[PDB]
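>>> this one's sequence-less:
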Ligand SMILES: CC(=O)/C(=C/c1cccs1)C(=O)Nc1ccc(S(N)(=O)=O)cc1
Ligand SMILES: [Cl-]
Ligand SMILES: [Zn+2]
């Protein structure tokens with residue numbers, strides 16, 4: 001079994017030894033250079049259809065926390081933009097920092113945000129998530145930057161349950177959560193082909209990164225930083241800086257949905 005994490009001893013600089021694809025041709029995240037991303041008129045409109053989303057549970061997995069959805073039917077889907085066909089929402093999670101000047105995985109002209117939200121979707125033509133991650137177009141991850149300012153009211157139900165999943169392996173019931181409350185006003189985005197940003201680092205993701213960040217309060221992100229990487233009863237290791245740094249772009253072009 002693997003023992004990867006975000007520390008000096010097991011952090012992103014080490015991952016390549018158990019996961020050689022870490023040094024691959026389409027790794028994530030990347031720096032988005034706004035002055036070399038080109039507007040693409042071929043991109044179709046982005047369609048976020050979360051009206052029927054059914055959240056079930058929230059889990060501390062020792063790396064982040066996942067809010068899990070019922071993906072047994074097309075209840076919450078992402079379509080359009082660069083995507084062919086229908087991608088089903090399975091979970092969302094965040095990456096965040098020890099301080100407000102770091103935490104995001106993607107950067108914008110080398111700017112790091114306080115955190116980044118990932119809404120993870122799988123291509124329904126592959127029938128299940130485990131099959132989809134074996135395909136170069138298997139997943140679509142919608143990435144949203146968080147900056148510290150005004151509170152995000154639609155985030156507070158997540159903040160308030162974190163006390164109940166402090167340590168690795170803890171879960172709580174988390175029904176009737178509406179992920180539409182986490183979106184910014186604008187769906188303007190950048191898109192590029194990439195990877196999972198954690199082991200197993202599979203090159204199966206179409207990244208869609210929204211240009212407009214959402215604002216959350218200092219108090220909201222301080223509550224993320226009280227989570228633990230460790231299990232119950234173990235020495236406390238605060239769950240902070242669970243982000244992978246920007247990886248080489250190599251032979252890829254980032255496309256913008258907007259002028
Ligand atoms: C157990 C579990 O949670 C997962 C299992 C998998 C099993 C096989 C491939 S993944 C999973 O979904 N991993 C994941 C999802 C999104 C991102 S990211 N930061 O690129 O959005 C990173 C990791
Ligand atoms: Cl900004
Ligand atoms: Zn992620």
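Structure received. Residues are numbered from 1 along each chain as shown. Ligands and ions are numbered 1, 2, ... in the order given.
>>> and the strands in the stretch 1-150 of the chain?
Listed in chain order, the strands of the stretch 1-150 of the chain (DSSP state E, counting those that start in this stretch) span 31-32, 38-39, 46-49, 55-60, 65-69, 77-80, 87-96, 107-108, 115-123, 139-148.
>>> out of the ones you listed, which is closest to residue 160?
strand 55-60 (10.9 Å; Cβ to Cβ). Placement of C-beta: from N, CA and C, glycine included.
>>> and the strands of the stretch 1-150 of the chain as CSV, adding distance to ligand 1 and mean neighbour count?
As requested, those are exported to CSV (distance: least, Cβ to the nearest ligand atom, whole Å; neighbours: other Cβ atoms under 10 Å):
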stretch, distance to ligand 1, mean neighbour count
strand 31-32, 16, 20
strand 38-39, 24, 10
strand 46-49, 16, 17
strand 55-60, 8, 20
strand 65-69, 6, 22
strand 77-80, 13, 20
strand 87-96, 6, 24
strand 107-108, 15, 18
strand 115-123, 4, 25
strand 139-148, 4, 23
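>>> any chance of TSV for those, columns distance to residue 6?
Output for the strands of the stretch 1-150 of the chain, formatted as TSV (distance: least, Cβ to Cβ, whole Å):
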stretch	distance to residue 6
strand 31-32	19
strand 38-39	33
strand 46-49	30
strand 55-60	14
strand 65-69	14
strand 77-80	28
strand 87-96	10
strand 107-108	17
strand 115-123	14
strand 139-148	18
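>>> wait, which of the ones you listed is closest to residue 250?
Set against residue 250 and scored by Cβ to Cβ, the strands of the stretch 1-150 of the chain come closest in strand 31-32, at 12.6 Å.
>>> distance check, the residue lying farthest from the centre of the chain against ligand 1.
What lies farthest from the middle of the chain is residue 233; by Cα atoms, centre = their mean that is 28.5 Å. Using Cβ to the nearest ligand atom, to the nearest Å, we find residue 233 at a distance of 23 Å from ligand 1.
>>> surely residue 158 is within a helix?
Yes - judged by DSSP: H, G, I helix; E, B strand; the rest coil, residue 158 forms part of a helix.
>>> was I right about it contacting residue 177?
Yes - contact between residue 158 and residue 177 holds when scored by Cβ atoms under 8 Å: they sit 7.3 Å apart.
>>> how many residues are close by residue 171?
Using other Cβ atoms under 10 Å, residue 171 is surrounded by 16 other residues.
>>> same thing with residue 149?
Neighbours of residue 149 using other Cβ under 10 Å come to 14.
>>> do residue 53 as well
Neighbourhood size, residue 53 [other Cβ under 10 Å]: 18.
>>> what do you get for residue 249?
Neighbour count for residue 249, taken as other Cβ under 10 Å: 17.
>>> residue contacts, it?
Counting by Cβ atoms under 8 Å, 6 or more residues apart in numbering, residue 249 makes contact with 30, 31.
>>> quick one: contacts for the residue nearest to residue 58 when sequence neighbours are not counted?
In space, and not counting its chain neighbours, residue 58 is closest to residue 174: 4.1 Å by Cβ to Cβ, 6 or more residues apart in numbering. Going by Cβ under 8 Å, 6+ apart, residue 174 touches 55, 56, 57, 58, 67, 68, 161.
>>> still on that earlier bit, and residue 158 and residue 177? which has more neighbours close in?
Taking other Cβ under 10 Å, residue 158 and residue 177 do not tie; residue 158 has more neighbours (22 against 19).
>>> can you tell me the closest non-neighbouring residue to the more buried one?
Among residues not flanking residue 158 along the chain, residue 67 sits closest, at 6.8 Å (Cβ to Cβ, 6+ apart).
>>> quick check, that neighbour in contact with residue 92.
Yes - look at residue 67 against residue 92 with Cβ under 8 Å: they come within range, at 5.2 Å.
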